[PDB]
Every structure is written in structure tokens, then in C-alpha cells.
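# Topology and contacts: notes
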Amino acid sequence: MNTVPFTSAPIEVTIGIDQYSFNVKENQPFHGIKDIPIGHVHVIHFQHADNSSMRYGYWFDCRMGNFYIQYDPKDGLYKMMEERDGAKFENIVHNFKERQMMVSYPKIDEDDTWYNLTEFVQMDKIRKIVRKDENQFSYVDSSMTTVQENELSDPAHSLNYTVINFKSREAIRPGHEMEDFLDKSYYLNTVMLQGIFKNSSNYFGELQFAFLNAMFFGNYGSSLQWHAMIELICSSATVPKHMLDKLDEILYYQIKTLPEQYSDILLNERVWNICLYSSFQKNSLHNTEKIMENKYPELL
Amino acid sequence: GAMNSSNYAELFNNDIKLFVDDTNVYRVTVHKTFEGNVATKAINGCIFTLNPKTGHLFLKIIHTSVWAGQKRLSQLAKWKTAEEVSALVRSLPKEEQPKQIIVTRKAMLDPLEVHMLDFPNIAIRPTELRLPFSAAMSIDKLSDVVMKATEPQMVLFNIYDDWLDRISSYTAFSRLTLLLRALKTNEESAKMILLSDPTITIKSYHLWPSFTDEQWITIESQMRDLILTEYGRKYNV
Ligand SMILES: O=C(O)/C=C/c1ccc(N2CCCC2=O)cc1
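Residues numbered from 1 in each chain as written, not as in the entry; some residues may be left out. Chains lettered and ligands numbered in written order. Heavy atoms only, no water. Residues with missing side-chain atoms left out of burial classes, pairs and counts.

Let's shift gears to the site of the ligand. All names here are of chain A. Around the ligand, the neighbouring residues are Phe22, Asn23, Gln28, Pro29, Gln100, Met101, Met102 and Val103. At 2.9 Å from an oxygen atom of the ligand is found a main-chain nitrogen or oxygen belonging to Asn23. For the ligand, the protein covers 60% of the area, taking 410 Å² as the surface of the free molecule. In terms of residue class, the shell around the ligand is built from five nonpolar, three polar and no charged. (Near = heavy atom within 4 Å. Polar contact = N/O pair within 3.5 Å; in protein donor to acceptor, adjacent residues only side chain to side chain. Areas by Shrake-Rupley, 256 points an atom, 1.4 Å probe, with all protein chains shown as cover. Nonpolar A, V, L, I, M, F, W, Y, C, P; charged D, E, K, R; others polar.)

In C-alpha cells, the structure reads:
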């Protein structure tokens with residue numbers, strides 16, 4: 001188990017760690033988060049009490065380095081940093097732990113939620129979507145735009161998701177216009193899977209990352225990407241059976257974790273009704289259809 | 001975007017544009033089978049592609065053999081329409097290619113957009129005009145060439161005959177639409193009006209009769225009266 005210490009908490013803030021969130025008041029003995037499960041990526045995120053504008057946060061993997069948080073009063077945010085002095089870091093963490101000044105990552109033994117949401121998500125792939133090569137962790141916030149959003153404006157601060165566009169020459173073979181528009185299998189299997197992603201695990205990783213950025217930051221371009229990647233699969237008549245079964249599991253856990261009160265803003269009615277009831281794969285997502293119909297029957 | 005009565009004069013500016021109407025591409029008769037089921041029999045159709053400024057009509061005749069062994073024909077017909085319009089554009093010299101293509105039915109937007117991805121500068125637009133181009137098969141010379149066709153064929157016409165020698169394209173289009181609306185609403189009476197007078201004939205190289213300016217005024221009034229008469233018959237007014 002690993003630890004993200006905090007130098008201090010100078011401003012009141014709601015702190016998220018993966019799907020958990022807790023409040024720290026403007027000066028308390030708060031010195032970080034311990035018992036973080038090794039083996040997964042994690043996200044530590046922030047919403048300031050006095051300015052809910054900008055949710056922001058950091059994707060990281062404790063196996064890649066020793067990371068801590070320190071408030072910057074000039075830029076007005078909690079910043080992640082790497083500590084290269086390993087003996088310094090271990091002594092700092094030991095003291096805060098001996099002082100019970102860290103909150104515990106509050107994982108229930110039975111609870112596989114975080115694994116089920118991040119099964120295919122890798123730090124290396126996150127760092128290609130979020131380009132800041134001098135850091136081992138990746139900053140994301142509520143307002144960052146995607147490369148596709150920019151094409152339709154600072155490129156260094158963008159989310160470089162893979163562009164999906166159903167009415168593009170990439171999606172449609174000359175001479176197969178009707179075929180490729182009504183059946184996206186070419187675009188899914190040859191262009192995206194064989195061509196760009198190389199395998200379904202990298203596809204699912206980006207799909208999962210997009211969902212998590214939409215949910216944790218309210219990032220609109222991420223929500224668009226998540227729905228695009230779902231619709232691309234559901235609108236293909238030919239999908240490997242293992243991908244369909246895995247997608248059903250992926251979506252089930254995403255819908256199960258979504259806060260009920262954010263459903264109006266995180267779920268696209270058109271995409272979900274098309275995917276569950278009209279698409280080629282309308283009968284292939286039994287777990288996802290069951291939870292959607294019991295939890296969000298209004299959207300359907 | 002969409003094309004309506006606000007920007008109506010845009011039709012007659014100097015930006016080349018075409019209307020495309022697909023309503024006569026897939027045509028069928030419905031009949032009973034010997035077992036008492038119902039079956040369709042296709043008949044020859046056409047794509048109606050018109051330059052409203054010049055009157056040039058590119059009539060692609062759709063021969064029934066294009067449907068043989070195909071499924072979902074009403075959907076196929078939209079994509080075949082789009083394929084043929086794309087092929088027409090590619091066949092034209094660059095300086096004759098349209099800058100806009102206006103589809104009379106919104107279901108043609110995606111098929112035409114997908115076929116024209118190679119022409120990102122040609123705008124594909126719907127219209128809020130209700131244009132009576134389905135009645136083109138009430139023009140005898142057009143119906144004749146479609147029904148006689150034994151294979152796919154493109155035939156070129158000028159749907160305004162020689163009218164642009166005497167009137168603007170705005171007025172020619174308004175005359176065409178009134179004529180086609182009348183033929184759509186009551187074909188028999190409209191053809192009665194157009195042909196009643198034997199001393200006014202259709203030139204071999206024309207589609208409509210050789211009316212003088214004064215006779216066109218009379219004809220147009222008679223067509224409006226027909227439309228109005230039919231409106232009153234329909235709604236009991
Ligand atoms: O929002 C909540 O429900 C809890 C908030 C919370 C709980 C515990 C702490 N701790 C633990 C170590 C020192 C410290 O300050 C800080 C916030």
C-alpha cells in the first residue's frame with residue numbers, strides 16, 4: 001500500500017480519491033492519504049470550497065514514483081509533485097502515519113468497483129492522451145478541450161483522445177458508402193482496432209478514461225468521447241464476441257457508479273436508446289440494459 | 001443551412017446549384033398474388049436533378065434491373081440516388097460543378113453527404129419549400145423516355161424550353177412550380193388546360209406549348225383557378 005502525503009491544506013477543499021470524496025476545512029491536521037491500493041492507476045481530485053469553478057486533479061500510479069501534494073498560493077491550486085529523495089519521502093510519510101494525520105483509502109474488502117472501472121486503463125496511455133512529458137502524473141480539469149473539440153484552443157493543454165467521426169473519409173471506404181455508413185464494422189475493426197489502437201484492451205482503456213474524466217471533472221469533451229466509443233461498437237454488425245461481453249461489464253460498472261443526480265448531464269439519451277434498442281448490438285448488452293432500465297428508466 | 005422563402009432569391013444568383021428530388025427513383029405497383037398475398041412490381045424511375053437558374057435538367061433514368069435481388073429497396077434508393085448525383089458531379093468540368101446541392105427530402109441528406117465527402121466545399125442542404133417535382137412524370141415527354149428505357153440512361157433537358165429568352169429565372173421557376181403543382185393536384189384538368197387549344201403546339205424540341213406572353217398569363221390564371229378549385233373540393237370550402 002502506497003501514500004500521497006500533503007505538505008498542508010491551506011484552503012478549504014473537497015478532496016476526491018478515485019470514487020471517494022471527503023472535506024478538509026481551511027486549516028486542520030490534514031497530511032494526506034494512505035493505504036492506496038498498489039496495482040491500479042488512481043486519480044486525486046479537488047474542488048475548492050470557495051470556488052467550485054474548476055474541478056481539477058491528477059492521474060498517477062504509485063509504482064512510478066513518490067508523489068505528494070502541495071498548495072501553490074500564486075497559481076491558487078493544489079499541485080502534485082514528485083519527490084526524488086526516497087529517504088526523505090519515507091521519513092515524512094512515517095511521521096505523518098505515526099501521527100494519524102493521513103485519511104485511509106476507504107476500500108471495502110468485497111469491493112472491486114475501482115478495478116472494474118480501470119481494468120484496461122494504463123498510466124502510459126494516459127500520458128499519451130494528456131501531454132506533459134516532464135511529469136510522471138497527468139493533470140486534468142473540467143475545462144480542458146479535446147483535439148476534436150479544437151478542430152471544430154491551446155494545443156498543449158488538450159485531451160488527445162482518438163478522433164471518431166462517422167462522416168469522415170477515414171470512416172467510409174470509397175465505393176462502400178452505404179455499407180460503411182450503416183455498418184461501422186470496417187471503421188471499428190480495421191481502422192480503429194487493427195490500425196490505431198492495435199487491440200481491444202487499448203480501446204477499452206481510452207473508453208474507461210474518458211468516462212472517468214467526464215464523471216470526476218464534468219469534462220464535456222470526455223463525455224462526448226465515451227459515448228462515441230460506445231456507439232462505434234454498438235453500430236457495428238461484426239464485433240468479436242469477447243469484446244461485446246467485456247463492454248457489457250465495463251458499462252454495467254460505469255452506470256452503477258454514476259451519481260444518480262448527474263444522470264441528466266452525463267448520459268446522452270439518443271446514444272443510449274439507439275445502442276440498447278435499435279443498434280446491431282441491441283441484444284448483446286444484457287447486464288447494462290438491465291441496470292439502465294432499473295436505475296434510469298426516465299432516459300429510456 | 002436549410003433553404004426557405006426568406007433566402008428564396010438565392011436560387012437565382014450566380015452560384016451554381018442543383019435541386020435533387022428522389023421521389024420517383026423507386027416506383028412500384030402493389031397487387032394481389034395468386035395465393036392472396038400482396039406483392040410489388042417495380043417500374044422504371046428517375047432522379048430529377050435541376051439547375052433552377054438555367055433550367056438544365058439531368059434526368060437519370062433508373063431501370064428496374066437495378067433492384068434485382070436487392071433488399072430494403074426504399075433505403076437502397078436513397079443511396080443509389082446519392083451515388084448517381086456524386087457520379088454526375090464528378091463527370092462535370094470543375095467550373096460547372098455546383099457549389100450547393102439542395103435535396104427536396106431530408107432523408108437524402110446523409111446519403112448525399114457521405115457520397116460527397118470528397119467535395120468538402122459543396123454544401124448539401126435541405127429546403128423548407130414544398131416543391132412539386134414528383135409531378136415531373138406528368139410531363140409527357142419525360143414519362144415517355146423513362147418508361148421506354150431498357151437500360152440505365154441519362155437524358156438532358158431544359159425544363160424551361162425557351163422561356164429565359166423572355167423572362168427571368170425567378171419567373172421561370174415560379175411558372176414551373178405552378179405548372180407542376182397543378183399537374184400534381186389534378187393532372188387531367190391541368191393537361192386539359194395546357195392542350196385544350198389545338199392551334200398552340202409543343203415544338204419537337206420542347207416540353208411545353210409555345211404560348212405567347214399573353215397566353216402564358218391566361219394559362220397561369222387557369223392553373224391557379226384549378227389549384228383553388230381543388231382546394232375547395234378537398235376541404236368543402
Ligand atoms: O468529509 C468527511 O466526511 C471527512 C473528512 C475528514 C476526515 C478525517 C480527516 N483527517 C484524518 C487525518 C487528519 C484529518 O484531518 C480529514 C477529513
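Next comes the rest of the description.
So, about the pattern of salt bridges. Residues and elements named next belong to chain B. Following the criterion strictly, the structure yields 23 salt bridges over all chains and no others. The closest approach of N and O atoms between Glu84 and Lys80, which form a salt bridge, is 3.1 Å. One end of the pair, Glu84, and the other, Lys80, are both in helix α1 (residues 73-91), four residues apart, so they sit about a helical turn from each other. (Salt bridge = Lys/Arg side-chain N within 4 Å of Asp/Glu carboxyl O. Helix = DSSP H or I, 4+ residues; strand = E, 2+ residues; numbered from the N terminus.)

Quick look at the interface of chain A and chain B now. If you look at the interface, chain A gives eight residues, while chain B gives nine residues. Both sides together, the interface formed by chain A and chain B hides about 910 Å², and carbon and sulfur atoms give 68% of it. For the interface between chain A and chain B, the tally reads three salt bridges. Residue A:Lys167 pairs with B:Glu113 through a salt bridge whose shortest N-O separation is 2.8 Å. At the junction of chain A with chain B, the criterion picks out three residue pairs in polar contact. Classifying every residue of the side of chain A that touches chain B by side-chain character gives four nonpolar, one polar and three charged. (Contact = heavy atoms within 4.5 Å. Buried area = accessible area lost by both parts, 1.4 Å probe.)

As a further point, take the domain arrangement of chain B. Residues and elements named next belong to chain B. Looking at the assigned domains, one finds that chain B contains domain 1 (9-163) and domain 2 (164-237). Its C-alpha centre places domain 1 at a distance of 23 Å from the equivalent point of domain 2. Listed by partner, the interface residues are 26 residues for domain 1 and 26 residues for domain 2. Taking both sides of the interface into account, the surface hidden between domain 1 and domain 2 amounts to around 2300 Å²; carbon and sulfur atoms contribute 67%. Joining domain 1 to domain 2, the criterion identifies one salt bridge. With a shortest N-O distance of 2.9 Å, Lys191 and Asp140 are connected by a salt bridge. Linking domain 1 to domain 2 there are 16 residue pairs in polar contact. Of all the elements in the fold, those that place two or more residues in the side of domain 1 that touches domain 2 are α3 (140-148) and β8 (153-158). Among the elements that line the side of domain 1 that touches domain 2, the one with the most residues is α3, at three residues. (Domains from an automatic or database assignment.)

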